[PDB]
Amino acid sequence: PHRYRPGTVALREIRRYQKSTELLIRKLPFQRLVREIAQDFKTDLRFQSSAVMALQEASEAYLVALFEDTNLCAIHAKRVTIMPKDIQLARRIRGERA
DNA sequence: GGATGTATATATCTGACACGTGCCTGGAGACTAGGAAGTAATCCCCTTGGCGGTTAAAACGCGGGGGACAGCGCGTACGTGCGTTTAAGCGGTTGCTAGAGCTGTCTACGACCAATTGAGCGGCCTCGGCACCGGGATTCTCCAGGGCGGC
């Protein structure tokens, strides 16, 4: 049985997804999440498709930058695995948390 | 002798160039008012190079121990791969409504201007409170007289 060591597939996915440009979250679950979040502010909200796409592109941009700073936090703590405390430290230093 | 590889010619697809048209927005020409450049005066802050004295911060050295880092073990939790499920993605129905765009009318609301005056800025006088000076009441230290002992 052919197997790969743990990590080279991860490097292959890092090289693959840093070359690509499409969105990594599916359209309908993100649209459902947007509509659920929006119905807590105003009832009976319609949505343009480009509004959902702009919200999506902003969301993947924010999460990719957050994961970059999370990886920097994990590397600074002499680790290769990211932890929730790395996300908390990144948001704390960035100023979003506190 | 038959079929296969390859060259040249012809029809078709597709991005790009030029022609046409509207229209509306930018440009040309003229006029005017005020924004800003320039000028003079006054006054206060900043610059550069000094001096003097205080003093607390900065620097230096040294001992020691707390903490950073390296190494090792271990166990668990995440990566990897496969089979199965499931839901995303696409195409589709069917009506109604929201919204952009366009046109039209009108009315209340805000710009604008003149006269007015009352709220904001500065100084002056006074009070509330804190402090300086004079006088009365209370308590502490001291000098002298009386009595006792010794030669």
Side-chain angles (χ1 to χ4, degrees):
Chain A
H2 206 288
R3 292 270 314 182
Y4 295 159
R5 83 178 63 247
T8 177
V9 193
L11 264 294
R12 280 197 302 146
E13 297 194 80
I14 288 167
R15 288 185 188 183
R16 159 160 185 236
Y17 289 124
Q18 284 184 348
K19 184 178 184 293
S20 83
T21 44
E22 69 273 15
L23 310 175
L24 310 160
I25 307 189
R26 319 297 300 279
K27 300 293 184 181
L28 280 72
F30 198 85
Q31 193 178 140
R32 254 174 279 132
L33 178 63
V34 159
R35 286 183 196 273
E36 183 179 1
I37 288 163
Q39 73 181 357
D40 290 300
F41 299 126
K42 182 176 174 66
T43 65
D44 298 357
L45 275 170
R46 305 165 90 237
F47 266 107
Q48 287 194 347
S49 59
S50 45
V52 181
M53 295 299 103
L55 276 157
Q56 197 151 359
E57 292 254 17
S59 290
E60 290 91 8
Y62 171 74
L63 283 178
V64 159
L66 188 54
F67 274 133
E68 268 151 10
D69 298 335
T70 305
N71 210 18
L72 290 165
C73 294
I75 283 159
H76 177 255
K78 292 181 181 180
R79 279 187 278 105
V80 306
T81 312
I82 54 159
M83 295 296 172
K85 64 182 181 293
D86 309 343
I87 310 183
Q88 288 153 20
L89 190 88
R91 291 190 67 215
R92 176 80 162 85
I93 296 164
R94 191 183 292 175
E96 301 171 348
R97 188 174 72 146

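Reckoned from all heavy atoms, side chains included, excluding hydrogens, waters and symmetry mates. Chain letters run A, B, ... following the sequence lines, proteins first, then strands; residues in each count from 1.
- The CD1 atom of A/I82 sits 14 Å away from the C1' atom of B/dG79 (whole-angstrom rounding).
- Note that CG of A/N71 is 13.5 Å distant from NE2 of A/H76, once rounded to the nearest 0.5 Å.
- Computed from coordinates, the A/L23 CG to B/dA88 P distance equals 16 Å when rounded to whole Å.
- Rounded to an integer number of Å, the gap from A/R46 CZ to B/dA100 P is 10 Å.
- For A/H2 and B/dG79, the NE2 to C1' distance is 17 Å, given to the nearest whole Å.
- Judged by the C1'-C2'-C3'-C4' torsion, the sugar of B/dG50 sits on the north side, since the angle is positive.
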CA sep, side-chain torsions, deciding dist, call: A/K27, A/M53, side chain to side chain contact (heavy atoms under 4.5 Å, CB included): CA-CA 8 Å; A/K27 300 293 184 181; A/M53 295 299 103; 3.2 Å; yes

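- Out of B/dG81, B/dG89, B/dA98, the shortest distance to the side chain of A/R26 is found at B/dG89.
- Residues A/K78 and A/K27 each lie close to DNA chain B; by heavy-atom proximity, the contact nearer the 5' end of the strand is made by A/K78.
- In this structure, CD of A/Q56 is placed 14 Å from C1' of B/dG89, rounded to the nearest angstrom.
- Under a 3.5 Å cut-off, the side chain of A/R94 and the backbone N or O of A/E96 do not form any donor-acceptor pair.
- A/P1 comes within 4.0 angstrom of nothing in the nucleic acid, heavy atoms only.
- For the residue pair A/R35/A/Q31, the side-chain donor-acceptor check at 3.5 Å is satisfied.
- The A/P6 side chain lies nearest to B/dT80 when the options are B/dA88, B/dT97, B/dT80.
- To the nearest angstrom, P of B/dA88 lies 4 Å from CZ of A/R32.
- Along DNA chain B, the nucleotide closest to A/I25 and the one closest to A/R5 are compared, and the more 5′ of them pairs with A/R5.
- Between the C1' atom of B/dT97 and the CZ atom of A/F47 lies a distance of 18 Å, rounded to the nearest Å.
- With both ends at atom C1', the span from B/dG52 to B/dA131 equals 37 Å, rounded to whole Å.
- Put simply, CG on A/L28 is 14 Å from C1' on B/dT86, counting in whole angstrom units.
- Applying the 6.0 Å contact sphere to CD of A/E36 captures no more than 12 heavy atoms from other residues, nucleotides or ligands.
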